[PDB]
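Next up: a single chain in structure tokens, the form deposited without its partner chain.
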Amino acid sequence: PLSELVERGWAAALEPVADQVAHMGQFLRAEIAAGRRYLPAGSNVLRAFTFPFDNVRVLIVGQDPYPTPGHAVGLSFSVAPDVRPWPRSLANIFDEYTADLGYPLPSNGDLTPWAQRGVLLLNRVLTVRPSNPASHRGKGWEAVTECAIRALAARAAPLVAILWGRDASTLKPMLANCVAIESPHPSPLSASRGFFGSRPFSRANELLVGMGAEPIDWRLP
């Protein structure tokens, strides 16, 4: 069960939806039986919950996994290190990264280092049918990720939420102390209509330091 699939803190945090998680496994099996595919790979579906629950300091919320085969890797916005070119959303994220932090363009699109350092890259929906954007909305994931977000918000610990999935009036209630939400809520495809210059990374660190936490080393190889 959950203790097998996710890190100990997450298993405890996600206990209230352990049965919903089992049901999602049954759903994915029935998709394959029914002849439909799903992304990401089954081993990557719960990957965001394989980094320590207690060590999360930043939450980045997306909506659905990349629908293009070989893109989704179970961390919102991330791609495998050999994926080129980057998806539009990630290229936009990396434009803001270089603009906000003054670092050079990353070598590749792998956000694993952010996950290691306590950035939770969480999609609201953890699977998708290939080539069918947002095809697994309403299939049961929302309850699971809602439980994750409410658990995160309940900890003593500091948390900064970045909302890159334009569902702020659903998500902001789950999150509202020791939680700062970055507003407004432009998404990476908003581009020059609010996303560029939003300085999400520097502002996360100002807010963390202001709550007595260490900043994130955002630096990618």
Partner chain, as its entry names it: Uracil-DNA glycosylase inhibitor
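Only the largest set of C-alpha atoms that superpose within 1.5 Å between the two forms is called the rigid core. Numbering follows the first chain given and starts at 1.
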{"query": "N177 preceded by how many uncoordinated deposited residues after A176", "finding": "1 to 3"}
{"query": "98-106 versus 135-143 - greater average Cα B-factor per the deposited record", "finding": "98-106"}
{"query": "Stretch with the greater mean C-alpha B-factor as recorded in the entry, comparing 150-158 against 66-74", "finding": "150-158"}
{"query": "Third of the chain's Cα B-factor distribution that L59 belongs to, per the entry", "finding": "lowest"}
{"query": "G212 - which third its CA temperature factor falls in, relative to the rest of the chain", "finding": "highest"}
{"query": "Where the record places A30 (Cα B-factor, split into thirds across the chain)", "finding": "middle"}
{"query": "Third assignment of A180 from its chain's C-alpha B-factors", "finding": "middle"}
{"query": "Chain thirds of CA B-factor: placement of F49", "finding": "lowest"}
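Not on display, but discussed next: the form deposited with its partner chain bound.
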{"item": "Residues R47, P52 and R117 all lining its partner chain in the bound PDB entry, heavy atom within 4.5 Å", "value": "no"}
{"item": "4.5 angstroms heavy atom contact with its partner chain in the bound PDB entry for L101", "value": "no"}
{"item": "Contact test in the bound PDB entry: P85 vs its partner chain, heavy atoms, 4.5 Å", "value": "yes"}
{"item": "Proximity of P133 to its partner chain in the bound PDB entry, heavy atoms at 4.5 Å", "value": "yes"}
{"item": "Partner contact for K139 in the bound PDB entry: its partner chain, 4.5 angstroms, heavy atom", "value": "no"}
{"item": "Segment assignment from 186-194, 52-60, 22-30, 152-160: heavy atom within 4.5 Å of its partner chain in the bound PDB entry", "value": "186-194"}
{"item": "Residue from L189, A41, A156, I32 whose Cα, after superposing the rigid core, lies 2 Å or more away between the shown form and the other one", "value": "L189"}
{"item": "Core-superposed C-alpha of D167 shifting 2 Å or more between the shown form and the other one", "value": "yes"}
{"item": "Note on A213-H185 C-alpha separation in the bound PDB entry, which departs from the shown form by 3 angstroms or more", "value": "farther"}
{"item": "Change in CA distance between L189 and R150 in the bound PDB entry, which is 3 Å or more, as closer or farther", "value": "farther"}
